[PDB]
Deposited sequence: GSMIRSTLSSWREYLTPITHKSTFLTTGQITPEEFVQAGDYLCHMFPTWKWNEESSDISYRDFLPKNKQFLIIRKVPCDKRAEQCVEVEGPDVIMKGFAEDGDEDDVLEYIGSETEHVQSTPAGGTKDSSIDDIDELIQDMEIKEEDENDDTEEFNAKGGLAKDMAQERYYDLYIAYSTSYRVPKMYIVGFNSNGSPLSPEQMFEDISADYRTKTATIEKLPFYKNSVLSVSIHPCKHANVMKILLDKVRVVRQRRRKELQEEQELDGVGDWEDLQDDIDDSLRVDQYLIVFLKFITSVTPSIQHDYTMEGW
């Protein structure tokens, strides 16, 4: 399972994508366009996820329990202002999702690669972010991609930490029930994979508004 490896199959990528778009209407699957370079192991209308123009107020320089809370809650259900389009695509080399961000200034002018790195937290640059063309377009655009598995298997680490927290919380609860004599009075599914992935993304790009969470 994905909890053991921290990796998913294209089918699991689809479920997670659907869940993400269902819980956060702002996210959407790609439409079917002629300018897209389709991958056969994924339905044509579910190649990648996109969220448009997420605002960025400050640079990165200035700027686990939350995830669990958010996941639980969902189970219940310089000065320049910048805007970033965020793409989540599936990486076949690591069987993990991968994000691509494309920045713009208020006028809609694309920000250069160097400018976008100002929005990547210094603590994640070298082993997480690099410059590359969006891989899903025939005539592509430049962007900064954020990878979760080049060094540390981030998804794996995060999913484990989340389970540890839950196990502790569940046992601490039973212990408090015995202590208070009221003892006589949620698992992680692949659907929530991308939500954990976005938590990771939030640490990597701290100045990007949480309009995707």
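**Q** Going by C-alpha coordinates, which parts of the deposited sequence are missing from this model?
**A** According to the record, the gaps fall at 1-22, 86-130, 145-164, 273-280, 309-312.
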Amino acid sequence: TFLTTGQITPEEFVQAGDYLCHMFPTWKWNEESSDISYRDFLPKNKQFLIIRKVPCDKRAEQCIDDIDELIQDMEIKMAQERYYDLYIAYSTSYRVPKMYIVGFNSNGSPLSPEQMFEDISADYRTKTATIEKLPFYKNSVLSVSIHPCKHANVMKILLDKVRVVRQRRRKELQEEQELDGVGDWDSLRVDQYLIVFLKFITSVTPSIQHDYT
From here on, numbers count along this sequence of modelled residues.
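**Q** Taking the mean of the C-alpha B-factors per stretch from the entry, tell me the winner out of 85-93 and 132-140.
**A** Comparing 85-93 with 132-140, the higher average CA B-factor belongs to 132-140.
**Q** Tell me which stretch, 67-75 or 110-118, has the higher mean Cα B-factor listed in the entry.
**A** Averaging CA B-factors over each stretch, the winner is 67-75.
**Q** Highest Cα B-factor in the deposition, which of 153, 174, 26, 47?
**A** Max CA B-factor in the entry, restricted to 153, 174, 26, 47: 174.
**Q** Determine which member of 42, 149, 54, 165 has the highest CA B-factor, using the values in the deposited entry.
**A** Across 42, 149, 54, 165, the entry lists the biggest C-alpha B-factor for 165.
**Q** Within this chain, which third does the Cα B-factor at residue 207 fall in: lowest, middle or highest?
**A** Within its chain, residue 207 is a middle-third residue by C-alpha B-factor, going by the deposited values.
**Q** Relative to the other modelled residues of the same chain, rank the CA B-factor of residue 213 and answer lowest, middle or highest third.
**A** It belongs to the highest third of the chain when residues are ordered by C-alpha B-factor.
**Q** Compared with the other modelled residues in the chain, in which third is the CA B-factor of residue 37?
**A** Middle third.
**Q** Using only modelled residues of the chain, where does the Cα B factor of residue 16 rank: lowest third, middle third or highest third?
**A** Bottom third by C-alpha B-factor.
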